[PDB]
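Participant:
Number of protein chains: 2
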Amino acid sequence: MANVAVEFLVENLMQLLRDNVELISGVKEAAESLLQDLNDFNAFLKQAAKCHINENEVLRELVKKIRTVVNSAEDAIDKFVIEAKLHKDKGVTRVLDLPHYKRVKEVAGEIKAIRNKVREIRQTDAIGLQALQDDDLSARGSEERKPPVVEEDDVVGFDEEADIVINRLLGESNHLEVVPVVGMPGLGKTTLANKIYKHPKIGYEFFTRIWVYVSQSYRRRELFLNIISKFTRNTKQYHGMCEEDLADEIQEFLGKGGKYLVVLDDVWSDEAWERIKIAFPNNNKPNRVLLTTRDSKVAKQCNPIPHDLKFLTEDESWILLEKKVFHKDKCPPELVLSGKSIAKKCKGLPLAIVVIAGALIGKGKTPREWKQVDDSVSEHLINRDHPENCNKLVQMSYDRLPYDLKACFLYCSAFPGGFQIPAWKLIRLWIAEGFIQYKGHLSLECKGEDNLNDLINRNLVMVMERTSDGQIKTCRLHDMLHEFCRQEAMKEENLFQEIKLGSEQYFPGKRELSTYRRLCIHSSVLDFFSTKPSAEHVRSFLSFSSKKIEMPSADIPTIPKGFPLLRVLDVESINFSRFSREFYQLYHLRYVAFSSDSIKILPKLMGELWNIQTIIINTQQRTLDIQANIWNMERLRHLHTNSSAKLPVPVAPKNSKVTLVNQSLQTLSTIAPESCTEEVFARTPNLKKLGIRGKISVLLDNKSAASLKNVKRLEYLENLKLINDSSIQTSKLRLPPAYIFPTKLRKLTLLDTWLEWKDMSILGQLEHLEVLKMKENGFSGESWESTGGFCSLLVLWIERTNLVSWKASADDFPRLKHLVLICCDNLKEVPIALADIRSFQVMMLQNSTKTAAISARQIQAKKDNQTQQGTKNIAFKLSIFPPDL
Amino acid sequence: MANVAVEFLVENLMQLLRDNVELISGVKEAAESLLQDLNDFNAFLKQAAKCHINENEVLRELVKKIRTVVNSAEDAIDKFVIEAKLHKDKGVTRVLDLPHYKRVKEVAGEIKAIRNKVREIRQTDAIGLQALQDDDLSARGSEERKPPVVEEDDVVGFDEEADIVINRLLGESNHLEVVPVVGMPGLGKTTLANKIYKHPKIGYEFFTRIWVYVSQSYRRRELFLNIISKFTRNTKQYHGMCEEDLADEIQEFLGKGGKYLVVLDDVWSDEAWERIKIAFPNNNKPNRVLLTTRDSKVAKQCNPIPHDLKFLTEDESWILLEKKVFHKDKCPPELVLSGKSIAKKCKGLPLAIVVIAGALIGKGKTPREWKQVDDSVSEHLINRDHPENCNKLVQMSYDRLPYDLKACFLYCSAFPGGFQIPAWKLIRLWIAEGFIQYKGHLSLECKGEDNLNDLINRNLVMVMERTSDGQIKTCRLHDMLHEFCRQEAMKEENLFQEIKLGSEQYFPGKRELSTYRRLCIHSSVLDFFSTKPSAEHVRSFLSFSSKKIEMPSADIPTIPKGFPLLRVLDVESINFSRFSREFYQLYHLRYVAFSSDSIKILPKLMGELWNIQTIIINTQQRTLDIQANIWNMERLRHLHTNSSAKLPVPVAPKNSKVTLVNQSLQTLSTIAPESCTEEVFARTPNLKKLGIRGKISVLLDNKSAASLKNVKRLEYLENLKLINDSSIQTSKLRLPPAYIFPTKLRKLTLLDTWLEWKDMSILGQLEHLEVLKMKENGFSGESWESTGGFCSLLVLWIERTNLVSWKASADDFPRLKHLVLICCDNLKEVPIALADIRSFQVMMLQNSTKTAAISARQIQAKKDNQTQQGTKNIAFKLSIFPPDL
Ligand SMILES: O=P(O)(O)O[C@H]1[C@H](OP(=O)(O)O)[C@@H](OP(=O)(O)O)[C@H](OP(=O)(O)O)[C@@H](OP(=O)(O)O)[C@H]1OP(=O)(O)O
Ligand SMILES: O=P(O)(O)O[C@H]1[C@H](OP(=O)(O)O)[C@H](OP(=O)(O)O)[C@@H](OP(=O)(O)O)[C@@H](OP(=O)(O)O)[C@H]1OP(=O)(O)O
Ligand SMILES: Nc1ncnc2c1ncn2[C@@H]1O[C@H](COP(=O)(O)OP(=O)(O)O)[C@@H](O)[C@H]1O
Ligand SMILES: Nc1ncnc2c1ncn2[C@@H]1O[C@H](COP(=O)(O)OP(=O)(O)O)[C@@H](O)[C@H]1O
């Protein structure tokens, strides 16, 4: 949406005027005129949005070029910014900088010419929104949206198919056979396969089960390395060996554990099936492979009897439609006729039903809205076979999105098709792109989380993973939606442009690269960098892939020189040996995601960049000394990393009344314990997620800075993580008193701490703690005797525990909702008083005593006894990794 | 041919028995058996070759499988060799190393099985040996072949096309037009193009001429950088510059220099011409482009008036065939009819005639052979349009070719098609693969050179550049011959397999890679080495790329582990930052060519590989401190490098009477002057080409080490090179007396020497020195006055000198034949006395004073009159750089 570009430019310009007079001292007047012009123009574009846009070209034509002048203004302004910073770099003390001052005055001439263009647009019409103001549509206030829990998990109308498939199971023993699930895109084949994968009979029958995603772009070795990843924790040996050895190892592993089931998802071509088939052992067992394909021919090749997936019936369609649109609540009678007509117009395609349900929830719940929806659906679903029917339906749903949401939804298409998107990264990207601007009380990250939740509610986005707490973790757009938004962003809005090379094609030339605004590459990135391409007007660079790629020491400086006006640099997949000096002249940089293996120091020159918000660094080093003055990059909102970052010692300038208090800071992922000192904590009042990695005993020790005591200061802290790297137990560690911890702390993690279970009472005292995950022998002992305290705790996560005996009362864990038991060989059995608690529903048993599993059956049995009685306690489901237990 | 494999196995086994008994001590008996049976198999194969194996099916089978046992015996014996050396590495001092001695003895059980399998078959060979020997053919001795000096430079019946083309040019001035050239493959279009590109009228009209090859698989940036390299020295900067901006610079450079002609060679597809035409400015000047293509459609697109090439007429065919077959000599009358009939049967295709001439040369000069050839060609040329007729003709020529030479043509195909093969590299490959076996007294390299000259004489291999002295420098296979050689070597004899991948295709799997003998990769290789491949029966790896590809720091150890039985490792085009341990365990290594940029120290462990002949290192460093005890690698025959290497100080073992005197050694290309010491020269008695790089002063200084004196010891030296890197003229340098230089010295080169033109008398005193090349101010001064001495000098080459006055008499340069005056911008004129030298044939004057060029034309006119005066004077040719002179 044009408003997004105009607003971003406006915000940048006001920030530039406020923060730095010198940068804009030269052209302050034209800049301010541009700022006022942009404000009024944004008002104009809003008025235009009020009237039908997709219908009238003339309103669109008036809109057209407002952006181009804005884009030119944005460009010219950025060019000026970099030029003036380069002037500073020269450090010329001359009053009249005879060299390059004329050039910067000519840049000021470009700025003035852009001012004249915007003035010309205002001249063509004093506003141009007279006709627009004449007609106003869709007048209404803004209401709230609700965070979604897992809803309508049950699949409407596909249970019979689940039973049919589960009947194909054990059709013939001692054999490997493939079951082809054939259906049109979005018909629910993947959902049906997922259902079959979670079915209790399937889980009980086959000891080992695997989920495998065979995209259209699968990569055999990557596919095999994943399958090997599940079975064995350490994969160092298998990395170095050939794909055929990988297949042989997979075959051995599958043969080890009795019988097995594997689901190959979205097998596009028969050849891929053939190539992948070699991994699975034909070990004379009743093993089965579930295959989800959209092509009939490939399904027939896999097996002459393909299980055709059937359409939903009208009753099923209406049930699904009302469930989706109204969630738990049922449909009001007055809307039932309209909803039934809409569902009957879906012909039984679940995706159509879900998309129209999203459209309905977006529009409202009035009879007129439903009548309009029914009319539009009838209009846009005359035909049946054409896949463009779903595109038209998606268009219908999309047009009703809020403008800011539309920009995020499109910016989702940019991530590779079929690639699961980290939610946190996606949020931080939007904040960098300026899509999301501070509104109301919610902080930007919170607003972005709300945006993603709304999109999930609309059914636009799918959730692939959910954290323990239930929050979304990884999102992937559906393929049809991904294609629709890809086309939209690439053509209609030119939000981003993607270079994907066919074999015969070649990289677009410099002239074409000049037009693109944002760049996303998923083909070979290295071949692109070999071309030495140059674009002055690419501000966003994105490359997402599974395989990590090195940067040849000759191609390193390609990026900063190729693009000098970068904001978003997402090169996480690209491994960098070092950084050229040209990187330290990307002043318009907001986001930096890069991976390195040798980088040990973050250099000082990184400090000079000022607009950066996020920083993500993957390095194999066990230490990452940060020498850049983070205390000066005021906009800094995150410093992510996985090493033991050692923050620089804060030092207030001897002759400054500026306090280096970065009020914007939110995260410090894995800073080193030595840095957990009073000053750094004092400098980050609003910190909201801390984590440490290194010698935790330094925190706990008195001699060092009493770091765990200093942690009391972060009044707002809500996520703590202690990681102990020392593989040597030099002594025992005793936590501090419960009052030292930040009051709001809601999520805590302990890894390799080896704490004494007598301290668990300390964590019990915490009032708000809601997610306690201790892993890698976080707490070491043999007898745990819970002493209550965890009033608010909702989930408990134990892994690699050497605990022999645990004793609990129903009062000890009142709110607990889910329990995870991993590598708990020592523990004999799980206290029954935990079975008493109603909240506790789901628990996972892995690598634990079979007696513990029988007592877990007893726990589920008490919950099932409540079920049989009808007494109301939250329903209970059991997961045990080894079925034998 | 099978004899080649058997002979190589026999030689390697004999060498293993002689040198190292411990490696063979385990299976000495099976080794000696194998040796005997292999000798008998070699004799049997020779006898079968005497007969026509193809004629009889029984024979085909009898020859078949003798090779398989030999290949099987090689694999087992090599595996034992490496395993036993690994045992030595273990250093298990136990009398019975029962653990893992039974593994190496498992390999030994394979060995013994093989020995028994050979004794079988030897028995099967015993039967029928008499039946084979009952028949024989082609009973004749071997005669001498002679060196291939340039001949038949003129092109038969093609001056009509040349004049037509030169007429087509200059049609429309102030405009840029491209003239198509069309015709079937091998029709001579490139020959005509090169003829035109050298015609004096062309060399007079257009100042700027450029010749460019456009393969089937060209790469635009590569050729643009090369085109720029013509006008300016360096290309490394533009390596950081985009293809389109490269094109802009090319256009500027080319437009600055008056008019221009450019020849694009072998254009295949329209898209390529479209993409490439950009660099040429249509700057409103009379400029032309000459493109050669085999397709009519591309030619028509480039211009509606393509120039069809004409077939050679029967008289033209006969004259060409006679010139090729009989060289300068005329045809004997008795063979005239057969020759005319054969030429008539070639239908005027120059390539067919050329290959037929090669075949006739191979057969001999008897009427029976000519009648047989006439019959055969009549047989194989009933059709005209079928391209396979030329394939049949080359097969006919090939059949008569000695198997040593036959092993080439097929190994020649390994180099990427269209690649310019460095002759020296090709010969050292030959030697390393073992295709050239000791037969007589000529040094191996000499035998290779004669093989290559014979290949050229039969016309199978076309030469591209000759060194100054005329010895070949760079050759290639013709396209038709290349496809014929590639198909044949891959299918019939399985000499090697190319891995190059097509679209929607995959790298062959480990099963396929188990049946390969040699790997040639000419396309993406980093992709191949990211597959983590594996093969045990691959002995050779060839990668003749275009760009220098780095090796990712994580993907380095793929080659040593992918192939542990390597001999030839030609990875010159792959930049390695370091070497893995698994590389040092490679023991079957003869040839090792590789590049680098940061490698400063050759590792010590690299000196353990006992079996290496060649070594090539294109390290960018200025210094390459060698620490491998080259003195210990008894088969070392070359140590090529480009930086200034520092050979380890020799130390005769304290307790061994074994002298570390290498007598195979031939070259120490670029050792450091510090390492031109007495001992380093005692240890290389048969050294035959030495070069130095560094501060030449330390040599010419007698206080440090009388090093240019020590050069006196190398009684056989025949190529010296003194390269000075010190850019600071600290002092003047004085050559030692002429009696110090080795007597046979036939080539000398001096760069940055800054010697006083007075010393030139010393170089005059040398009696055999035949080619003197002084580049980048070899001698410093302004007045040179010849005093004689250069009795045998044949080529004089001066580049980048400040010589002003040159004075000489005709008696100072009696034998001179070639004179090159490059970048002599201060010289005034050249002594006209040179006009009197009979041998003086060719002189080239580049970028020099116009007065010198006037004197050059005076010399040219004088020699014209001399030849006109009835004297049997050889033809003279004058090359002057700028057309105005
Ligand atoms: O053909 P090359 O193998 O490349 O070597 C010859 C020359 O030695 P010779 O004249 O005795 O053959 C130099 O020796 P090397 O460097 O190969 O050891 C070489 O020097 P540079 O490659 O460093 O330049 C030179 O190179 P170039 O062809 O570029 O002049 C080249 O000269 P010629 O081929 O004319 O003899
Ligand atoms: O398994 P991981 O991918 O490594 O993620 C877990 C954790 O997952 P859960 O929230 O589901 O327990 C969080 O991952 P995200 O959802 O943020 O992607 C995050 O920890 P927080 O919840 O505290 O943010 C992360 O971070 P870290 O590696 O710093 O602990 C932590 O990793 P671990 O599994 O290694 O603990
Ligand atoms: N019976 C069903 N109930 C709910 N959603 C369904 C059903 N069948 C298909 N779907 C669709 O599947 C989505 C989630 O599964 P998904 O992986 O997208 O499968 P598919 O795209 O094959 O339908 C739902 O949001 C909905 O759009
Ligand atoms: N009169 C001639 N005209 C053309 N080619 C000739 C002639 N005499 C000999 N030849 C040889 O025949 C071949 C002509 O085809 P060639 O130039 O190899 O193929 P292409 O033109 O496709 O590159 C060359 O080897 C050339 O030297």
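Chains as they are written, first to last, in full-length UniProt numbering: chain A, 1 to 885; chain B, 1 to 885.
No residue lacks a Cβ here, since even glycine has one placed at the ideal position from N, Cα and C.
(1) According to the neighbour-count rule (16 or more other Cβ atoms, all chains shown, within 10 Å of its Cβ), is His175/A buried or exposed?
(2) With respect to the alpha helix (DSSP H) encompassing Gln497/A, which residues constitute its N-terminal and C-terminal limits?
(3) Check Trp211/A in the structure and name its three-state DSSP category.
(4) Counting only Cβ-Cβ distances shorter than 9 Å, please list the residues of the region 149-164 of chain B near chain A, keeping chain order.
(5) So residue 886/A contacts chain B; which residues on that side make the cut at Cβ distance below 9 Å?
(6) Is DSSP giving residue 887/A helix, strand or coil here?
(7) Verify the CB distance criterion: does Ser577/A have a CB-CB separation below 9 Å to chain B?
(8) I'd like to confirm the pairing. Which residues does DSSP put opposite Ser805/A in its beta bridges?
(9) Any beta-carbon of chain A closer than 9 Å to the one on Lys600/B?
(10) Which runs of the alpha helix (DSSP H) at least 4 residues long sit entirely within the region 684-729 of chain B? Give them in chain order.
(11) Cutting at 8 Å between CB atoms, please list the residues of its own chain near residue 888/B, excluding the five before and the five after it.
(12) Would you check if the distance between the CB atom of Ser697/A and the CB atom of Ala672/A is smaller than 9 Å?
(13) 9 Å is my cut-off, CB to CB: does residue 886/A come that close to chain B?
(14) Which residue's Cα is closest to the Cα of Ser341/A: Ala705/A, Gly448/A and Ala357/A?
(15) Determine, for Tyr506/A, whether the minimum Cβ-Cβ distance to residues of chain B falls below 9 Å.
(16) Can you grab the Cα-Cα spacing for the pair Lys85/A / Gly91/A, in whole Å?
(17) In chain A, which residues lie less than 8 Å from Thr531/B when you measure between Cβ atoms?
(18) Going by C-alpha to C-alpha distance, which of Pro306/B, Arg94/B and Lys285/B sits closest to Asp295/B?
(19) Looking at chain B, is there any beta carbon in it that lies within less than 9 Å of the beta carbon of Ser229/A?
(20) So the alpha helix (DSSP H) residue 889/B belongs to, where does it begin and stop?
(21) Might you give, ordered along the chain, the residues of its own chain that have their beta carbon closer than 7 Å to the beta carbon of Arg220/B, omitting 5 neighbours on each side?
(22) Looking at ligand 6, does it come within less than 8 Å of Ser229/A, judged from the CB to the closest heavy atom?
(23) Just to confirm, are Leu819/B and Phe790/B a CB contact at a threshold of 9 Å?
(24) Cα-Cα, which of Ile353/B, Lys297/B and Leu291/B is closest to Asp315/B?
(25) Within the present structure, is the beta-carbon of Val69/B separated from the nearest heavy atom of ligand 4 by less than 8 Å?
(26) DSSP three-state label for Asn629/A, please.
(27) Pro552/A touches chain B at which residues, Cβ-Cβ below 9 Å?
(28) In or out: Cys408/B buried (at least 16 other Cβ within 10 Å) or exposed?
(29) For the UniProt domain "Disease resistance N-terminal" (5-90) of chain B, which segments carrying the alpha helix (DSSP H) assignment without a break, of at least 4 residues, lie completely within its bounds, in sequence order?
(30) Please state the DSSP three-state secondary structure of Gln487/A.
Facilitator: Straight from the coordinates:
(1) exposed
(2) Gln497/A -> not in any alpha helix (DSSP H); beta strand (DSSP E) instead, spanning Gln497 to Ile499.
(3) strand
(4) none
(5) The first residue shown for chain A is 1 and the last is 885, placing residue 886/A beyond what the model contains.
(6) This structure cannot settle anything about residue 887/A, because the visible part of chain A is limited to 1 through 885.
(7) yes
(8) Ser783/A
(9) no
(10) 696-700 and 707-710
(11) Within the shown structure, residues of chain B are numbered from 1 to 885, placing residue 888/B beyond reach of any answer.
(12) no
(13) A query on residue 886/A cannot be resolved here, the shown segment of chain A reaching from 1 to 885 and no further.
(14) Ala357/A
(15) yes
(16) 10 Å
(17) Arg221, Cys242 and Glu243
(18) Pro306/B
(19) no
(20) Summary: the structure shown does not reach residue 889/B, with chain B confined to residues 1 through 885, and so no result is reported for it.
(21) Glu243, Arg275 and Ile276
(22) By its list of ligands, the structure shown excludes ligand 6, since it contains just ligand 1, ligand 2, ligand 3 and ligand 4.
(23) no
(24) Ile353/B
(25) no
(26) coil
(27) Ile549, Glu550, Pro552 and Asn575
(28) buried
(29) 22-25, 28-50, 57-63 and 66-90
(30) helix
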